[PDB]
Protein chains: 2
Amino acid sequence: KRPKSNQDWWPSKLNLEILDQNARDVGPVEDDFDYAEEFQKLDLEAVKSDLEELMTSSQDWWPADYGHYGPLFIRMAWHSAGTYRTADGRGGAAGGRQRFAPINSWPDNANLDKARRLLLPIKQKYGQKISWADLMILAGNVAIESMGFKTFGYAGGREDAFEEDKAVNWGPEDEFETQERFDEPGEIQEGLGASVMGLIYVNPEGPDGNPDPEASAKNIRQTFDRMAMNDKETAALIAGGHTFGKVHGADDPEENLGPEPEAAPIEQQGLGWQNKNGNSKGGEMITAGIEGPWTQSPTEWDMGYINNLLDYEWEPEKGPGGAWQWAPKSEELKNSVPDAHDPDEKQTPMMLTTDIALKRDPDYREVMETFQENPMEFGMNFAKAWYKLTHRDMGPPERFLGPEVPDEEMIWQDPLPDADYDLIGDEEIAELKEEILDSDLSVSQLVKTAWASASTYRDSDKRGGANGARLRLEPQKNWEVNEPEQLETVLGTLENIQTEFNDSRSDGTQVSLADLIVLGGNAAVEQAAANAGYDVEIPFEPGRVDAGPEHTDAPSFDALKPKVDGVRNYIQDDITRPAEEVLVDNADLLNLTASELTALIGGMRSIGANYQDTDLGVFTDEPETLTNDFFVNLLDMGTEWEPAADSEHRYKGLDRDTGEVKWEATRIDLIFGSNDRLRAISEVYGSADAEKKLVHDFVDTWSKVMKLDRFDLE
Amino acid sequence: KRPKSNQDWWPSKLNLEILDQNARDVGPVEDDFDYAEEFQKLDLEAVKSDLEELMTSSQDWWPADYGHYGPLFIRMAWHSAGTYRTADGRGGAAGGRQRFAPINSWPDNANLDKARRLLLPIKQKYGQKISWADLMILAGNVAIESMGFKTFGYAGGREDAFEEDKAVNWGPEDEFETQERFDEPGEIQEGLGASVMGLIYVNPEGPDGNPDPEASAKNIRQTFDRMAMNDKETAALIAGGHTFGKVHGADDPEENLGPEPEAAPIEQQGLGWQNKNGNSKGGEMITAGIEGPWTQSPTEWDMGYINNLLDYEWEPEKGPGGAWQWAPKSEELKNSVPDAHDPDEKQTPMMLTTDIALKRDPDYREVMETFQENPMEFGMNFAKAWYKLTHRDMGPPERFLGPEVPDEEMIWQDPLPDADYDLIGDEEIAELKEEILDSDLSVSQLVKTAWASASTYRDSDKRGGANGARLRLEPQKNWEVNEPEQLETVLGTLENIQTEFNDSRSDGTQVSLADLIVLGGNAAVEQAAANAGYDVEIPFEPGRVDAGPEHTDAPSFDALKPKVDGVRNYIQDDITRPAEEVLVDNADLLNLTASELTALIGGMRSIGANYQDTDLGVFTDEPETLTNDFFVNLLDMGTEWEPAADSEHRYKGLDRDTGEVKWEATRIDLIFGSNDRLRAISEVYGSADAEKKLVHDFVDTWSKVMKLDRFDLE
Ligand code: HEM
Ligand code: HEM
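Per the deposition metadata, X-ray crystallography was the technique used to determine this entry, at a resolution of 2.00 Å.

K.L.:
Can you walk me through the overall build of chain A in this structure?
P.N.:
In terms of helices and strands, chain A carries 23 helices and 11 strands. The C-alpha atoms of chain A give a radius of gyration of 28 Å, which matches the 27 Å a tight globule of 714 residues would have. Dimensions along the principal axes, computed over C-alpha positions, put chain A at roughly 85 × 65 × 50 Å. When each of the 714 residues of chain A is scored for burial, the buried share is 63%. Partitioning the intrachain contacts of chain A with sequence separation of at least 6 by distance along the chain shows that 73% fall at a separation of at least 24.

K.L.:
Please explain the UniProt feature "binding site: heme b" in chain A as it appears in this structure.
P.N.:
All names here are of chain A. In this structure's numbering, the residues bearing the UniProt feature "binding site: heme b" are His242. On the secondary structure map, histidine 242 appears in the loop between α9 (231-241) and β1 (246-247). Contact partners of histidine 242, with chain neighbours within four places excluded, come to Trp294, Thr295, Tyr305, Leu352 and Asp355. A distance of 3.5 Å separates polar atoms of two side chains, one belonging to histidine 242 and the other to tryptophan 294.

K.L.:
Would you explain the side chain of A:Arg710 in this entry?
P.N.:
Residue and element names in this part refer to chain A. Considering the arrangement of structural elements, one finds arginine 710 in the segment after α23 (691-706). For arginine 710, a relative accessible area of 13% puts it in the buried group. A distance of 3.2 Å separates polar atoms of two side chains, one belonging to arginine 710 and the other to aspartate 712. Non-local contacts of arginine 710, meaning those with residues more than four positions away in its chain, are made with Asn467, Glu541, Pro542, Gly543 and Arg544.

K.L.:
Can you help me understand the relation of the copies chain B and chain A in this one?
P.N.:
One copy of the chain maps onto the second through a rotation about an axis and a displacement along it. Here chain B sits on chain A after a turn of 180 degrees about the axis and a move of 0.1 Å along it, with an RMSD of 0.5 Å. What the superposition gives is, in effect, a two-fold axis relating one chain to the other. When C-alpha positions in chain B are compared against the rotation axis, the closest is assigned to B:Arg24, at 3.0 Å. The overlap is high: 97% of the interface residues of chain B also sit at the interface in chain A, so the same surface is used on both sides.

K.L.:
Sorry if this is basic, but what is going on with the site of ligand 1 here?
P.N.:
Residues and elements named next belong to chain A. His242, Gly245, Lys246, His248 and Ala288 are the nearest of the 24 residues found near ligand 1. One nitrogen or oxygen atom from the side chain of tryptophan 78 is found 3.4 Å from a nitrogen atom belonging to ligand 1. When contributions to the shell around ligand 1 are tallied by element, the ones reaching two or more residues are α5 (70-81), α9, β1 and α13 (375-391). In terms of residues, the shell around ligand 1 owes the most to one element, α5, which gives five residues. Taken together, the residues that form the shell around ligand 1 break down as 16 nonpolar, six polar and two charged. Composition of the shell around ligand 1 by domain shows at least three residues from each of domain 1 (36-165 + 386-397) and domain 2 (216-249 + 286-385).

K.L.:
How should I be thinking about helix α12 (residues 304-311) of chain B in this particular structure?
P.N.:
Residues and elements named next belong to chain B. Within α12, six of the eight residues are buried, which leaves the element mostly enclosed by the surrounding structure. What α12 keeps buried is the set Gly304, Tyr305, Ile306, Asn308, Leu309 and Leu310. Against α10 (231-241), β3 (314-318), α13 (353-360), α14 (362-373) and α15 (375-391) lie the buried residues of α12.

K.L.:
Just checking my understanding: could you explain the pattern of salt bridges for this structure?
P.N.:
A side chain with one charge can pair with a side chain of the opposite charge if their charged atoms come near. Taken as a whole and assessed by the stated rule, the structure comprises 93 salt bridges over all chains. Taking the shortest distance from any N to any O, the salt bridge between B:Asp585 and B:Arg577 comes out at 3.1 Å. Relative accessible area serves as the criterion here: at 14%, B:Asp585 is assigned to the buried category. The network of salt bridges with shared partners includes A:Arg85, A:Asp88, A:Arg90, A:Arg577, A:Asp585 and A:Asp588.

K.L.:
What should I look at first to understand the site of ligand 2 in this one?
P.N.:
Residues and elements named next belong to chain B. Around ligand 2, 25 residues are found, and the nearest of them are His242, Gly245, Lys246, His248 and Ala288. With respect to ligand 2, the backbone of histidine 248 contributes an N or O atom lying 2.7 Å from an oxygen atom. Here an oxygen atom of ligand 2 sits 3.2 Å away from a polar atom, N or O, in the main chain of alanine 288. Examining the composition of the shell around ligand 2, we find that five residues originate from one element, helix α5 (residues 70-82), more than from any other.

K.L.:
Any chance you could explain the domain arrangement of chain A here in plain terms?
P.N.:
The figure often quoted for interface size is the accessible area lost as the parts come together. All names here are of chain A. Taken domain by domain, chain A comprises domain 1 (36-165 + 386-397), domain 2 (216-249 + 286-385), domain 3 (419-563 + 693-714) and domain 4 (564-692). Measuring from the centre of the C-alpha atoms in domain 3 to the corresponding centre in domain 4 gives 25 Å. At the junction of the two partners, domain 3 supplies 35 residues and domain 4 supplies 34 residues. Counting each side, the surface lost to burial between domain 3 and domain 4 is near 3,400 Å², with a carbon and sulfur contribution of 61%. The largest per-residue losses of area from domain 3 upon contact with domain 4 belong to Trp451, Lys563 and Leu694, which jointly make up 23% of the total buried on that side. At the junction of domain 3 and domain 4, the tally comes to two salt bridges. Of the charged contacts in the structure, one is a salt bridge between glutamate 596 and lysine 704, with a shortest N-O distance of 2.9 Å. If you look at where domain 3 meets domain 4, you find 25 residue pairs in polar contact. Looking at the side of domain 3 that touches domain 4, the elements with two or more residues in it are α15 (443-454), α17 (513-530) and α23. No other element matches α23, which puts 10 residues into the side of domain 3 that touches domain 4. Of the residues contributing to the side of domain 3 that touches domain 4, the split by class is 18 nonpolar, eight polar and nine charged.

How each quantity is defined
- Residues numbered from 1 in each chain as written, not as in the entry; some residues may be left out.
- Chains lettered and ligands numbered in written order.
- Heavy atoms only, no water.
- Helix = DSSP H or I, 4+ residues; strand = E, 2+ residues; numbered from the N terminus.
- Rg over C-alpha atoms; globule rule 2.2 N^0.38 Å.
- Buried < 20%, exposed > 50% of the residue type's maximum accessible area, 1.4 Å probe, protein only.
- Contact = heavy atoms within 4.5 Å.
- UniProt positions renumbered as here; feature names shortened; annotations may be inferred.
- Polar contact = N/O pair within 3.5 Å; in protein donor to acceptor, adjacent residues only side chain to side chain.
- Least-squares fit on C-alpha atoms.
- Near = heavy atom within 4 Å.
- Nonpolar A, V, L, I, M, F, W, Y, C, P; charged D, E, K, R; others polar.
- Domains from an automatic or database assignment.
- Salt bridge = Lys/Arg side-chain N within 4 Å of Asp/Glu carboxyl O.
- Buried area = accessible area lost by both parts, 1.4 Å probe.

Right under this line is the structure:
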């Protein structure tokens, strides 16, 4: 007996549970737990020493191929980081969520349950000093190093999650290993990072199970791009990874493997895919259903993959597991590789349709030829791509911990420059605050600008935020939602204030535009509250610096461009899913709870910080005054709402007892009076004794968002 | 676009989301919000005056029948409290969850969205001073009073929830108004309070929609019984309720009513069942699909319902709504009632199959006849039953607030006596603990006894707990799970200690057996910790008292008897659901989170507090020593687990290589190493640096459970 969720009865119901996840922290760990502090206590080199010993310590319940677990661990690390999507920054290795459903049970993660299990003794030994997330990646690096390849570096700092990321939409499919997201290769439904449900990137057999390398390349390119990787990085990663190990498919997994972890017998204690006629295995292991090694020396770094792929012609065939795979035409490669477990048996190398794709696609082929001709270039590209792959969702350099962090900071870290001046103090803070309020800048202008600056933050991959003032740079300065010409006016005035202040300084003190933006919005909010009769002081943290275009990868920021922005009541005219759904999704990126989001939306509407200064949802007669008017008017039964004709997200509020129009609103405003849970929150804020509470709650949420990307002291 | 839940992929996946609700207080309310303190500031009289004013203030969007909203409100309050189930104490009006899905959209709650909406202005006016939960019941009371019937009393104190109760299992059906819970009237699947999914108690047309009065009576009796009501209380309630208002069904609801609230357009702002002729059309009003009043004066308390039912013959027929209903076989009742909205029209009374059932069923008939002959008794019974109905889930008298709380305390409140003596101090506390440990009682006995006393509590209806020491009284003293013979010995020793402590005091101090039971439990936990090398002090709050059999309804406590007890590793051999499912269900009644449950079970296993002192889950060589051995040994891959032959609950833990049988366990123990989320918690406690952490976490949880029912000091 399991409680039938409301999700079942009503598929269109909003998923507020993702916001409830932000209310607190699930897990037995304290709320003030600083993983960074703990990891710093870790003896990294001792963990690496134990990992290197593990590489060749074969366990009977899952015998190491070729007497070395290295390749398995690399796949484990690759898969952990391989679910990452640039669209929302979700997925990835940062929380080690491969350990929880549904990811722990995807077909593509088959037997990684054994791989993670092999690390349990080490995890237990170091305890809190190293998270599962950090450990899985470290295990991959150690595997690579132990097999002859020097890595680019390694950083700790990934805090373990204790459940699935409920905000992630992995696709529309109702069954794993099936796809309803693309008709033509290269045209996958927007957002999704994979071409098939339950897979990391693409089908190893080819699009729709067809061994068409050329088409495969189209999906490879698109999925990797959606995972932040270009053509060169993609080829380097695939070739680099397949230089090691083999694929397992002694027989058809469909009829020889037991239930996935989430559906397996309790006695199996978290493991799954138990062989119908097996529980350990080696010379008969079954994982993907495809069988064989890529190179003659699966546990050594070399040019084996690249040479085998490019130096011989391959042909498609059905392997022993009933899946598509390619075999060489020459007899030289016949039985050229030792068997994984039987010392007296040999095996012939094989390629996946996805490997042949790198040889068939003109663009990838150009890269592969270059790699074959210049091994050093191949190696460097692989080292850099692997580092990027595994650290892409960790944020700025401030969050990279440990003695193995590389001296070089990478552009994808969205690095911030050090401050070559003294931070302003309380006196200057007030000085600048007064100057801003004195300028011809309106409260709405200051609030909208500060929001545009801080609202890009994503707790998923730590990208975005007000620190750096990238709002003034490409592509943000030209985003439609930011109103380019209008923003230029505000920024010009603020930059004018920055200049006069710094030039009027005698010592070594200076102020950044990034801090001014936030100071302006804070001063504006306090002003809006004062206009309502409330005296509030929003805490300010100086220190933000101004990032330059030189260390800004403009194209990569396109992924942060919003299609919907509740605070500004901006809704793109072509969104697929309902507006409120996107609203909840974005609110989760800011670590907001359902109540916080509500206070933020309602409070912002009284200020009037709408995109293009419309009156959508502005249910008040005192613009730029922080009150609970939004809620009072929203809840008034004296008003009747109806969809606006010739408008997709627009609605009109008309006098009920009559019929005249009183208000204009969007689905974003109305969801708070329609959703059962949100309406209960609105009723609290709309009561005759809650205005002060809404004001203070708005301020608490505003302050929180302004400081989301300040890891300077985290 | 909504992320597919893991529950969907794996239907048998433990619903841990129910425990996640206990790790956070969703809603905009402050963390230190004391509703009791806020309600005490309320002017109850003023709210009642506003409510009485509303009764006759017809709103155009939902015209009042006979110009009086009273009946509608009675139904609203009745349905709010009517979902209560004695089995788990869940459902009911204490949280006002009728406002959230799925209840807010149940077919039986049609148009109650309009009823609650009429109360919004009042709710907003008084704000936090009165919860929706208290206001809905208060509205029903004022409605009754305004129509000539004084209520027995009223208590405030129901704190509003902000989400549905995810732990409640409303039934197996996948469709509303359908039933897959009974194959014969009176034989409803146990654990359910209704005979049909989406109804409060039973189908108004009769079992399976057949107008069979006698058959209907069987379901009415069983459903009301499962809602703590007997024959006389049931007849009083139904008769008293139907003395007011009418049923609405001008046309088929399956054709003229729009989507339920959760499925309605956003512009409806939380409303539903939109009438395709206009809601303002009082004459076209449709709710249940049945049309007509029960009495000649629907807005007046009188003997009209009983007289119409017993004094006239009724015959089955199809109403204007296409539903089965009954009409007078005579003609002196035709058009004897004025129309609810048309001044120049009349209407004939009607009866529901459920009403005729009270006339056909022998037992119900006897009660009704007695009522007709003694109107005073009918009133007396209805008044008390209504009070019980609307306050049954509020707990002990300590929780009843306000000037309208009766002087008399009812046995269903599980009342506790006052302590006519001074409470013990710190020195006496320490002395008693030392004395208990010095007795012949072992650490295990003391822990098991303290748990037996406190584990009965349930946050749902505030029943159970260690206060009152009802463990020593029927029926608890004889529950198989409490091991009667062993229990009598432990309690005998504690009682002797109580006696000697009391007789030795020279002042007016005394200690209760209730407090001694919990202190000996704390003492034992501290001893266990000390045995492991840890000095811990468990916070103890004196004040518990000893309740007697005179104020204990033994039969009502049967609902508190556990079928599964994780702490004691007790599993009844006839449960329907998997043991771990019941475990989670029970953990929620104790307000435990996933981590708390894990620390508790793990810690208890090292102590060894099992039922019948089995070695089930006791993975340690040092019993009565609080350590993390349960987690260390559970997670050791050197051990393999398999079902035990000839045993429905046991599993054997064997050494993978030697075949040595090392441990024995149940699903209760093994789930912590199988479920993905629980495994992550276990891995934390099972680390080499976490034994101290486990100890503190176990102690915090233990202390939490021991004080669950401490309302006295609030
Ligand atoms: C077009 C993208 C790719 C596809 C479709 C893919 C495919 C697969 C499949 C089907 C397997 C076999 C699973 C099994 O039977 O055991 C495998 C394993 C392997 N993959 Fe890839 N992969 C891709 C990319 C990558 C990347 C980017 C890396 C890491 C730089 C990597 C590294 C490995 C390693 C080391 C193994 C061998 C594991 C072992 O020996 O146990 N792969 N891959
Ligand atoms: C065997 C149990 C019962 C059945 C199945 C049932 C039946 C129903 C149905 C079918 C309706 C009409 C809904 C509508 O069309 O507007 C109604 C309403 C009504 N019920 Fe009952 N009920 C039960 C008992 C109770 C109890 C215990 C009380 C409260 C003490 C009460 C209260 C009322 C009142 C006041 C109304 C009329 C509402 C109005 O005029 O709007 N009922 N009931």
